[PDB]
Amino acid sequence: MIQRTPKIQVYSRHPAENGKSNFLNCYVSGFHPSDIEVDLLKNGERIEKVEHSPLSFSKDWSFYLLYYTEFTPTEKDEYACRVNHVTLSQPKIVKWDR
């Protein structure tokens, strides 16, 4: 039996340009077990309406998740990924570093 804490990377698909449409990713990698919750936050509020399913796979004992949503960066909007997992004593919030 193992427990492995996820690595969490938050990044835009392309170089961010204020007012230009883009995608914000959340790659959550190398975790075990597979049960997990991953949300995108905008100004501290949970993004609810995501069109695309996440891409999920295991290799083979680690799990991987790519969660992405369309967005248009602005100067004033702050984004963060929030992850909860058994390996975390409280939810982990990782800010998008633009």
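All residue numbers are counted from 1 along the displayed sequence.
*Asks:* Can you tell me which stretch has the higher mean Cα B-factor, 29 to 37 or 49 to 57?
*Replies:* According to the entry, 49 to 57 carries the higher average C-alpha B-factor.
*Asks:* With respect to the C-alpha temperature factors reported in the PDB entry, which of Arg98, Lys92, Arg4, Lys7 ranks highest?
*Replies:* By C-alpha B-factor in the record, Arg98 ranks first.
*Asks:* Classify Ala80 as lowest, middle or highest third according to the C-alpha B-factor given in the PDB entry, relative to its own chain.
*Replies:* Middle third of the chain for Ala80's C-alpha B-factor.
*Asks:* Splitting the chain's C-alpha B-factors into thirds, which one does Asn22 fall into?
*Replies:* Middle third of the chain for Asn22's C-alpha B-factor.
*Asks:* Sort the modelled residues of this chain by their C-alpha B factor and say whether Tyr67 lands in the lowest, middle or highest third.
*Replies:* It belongs to the middle third of the chain when residues are ordered by C-alpha B-factor.
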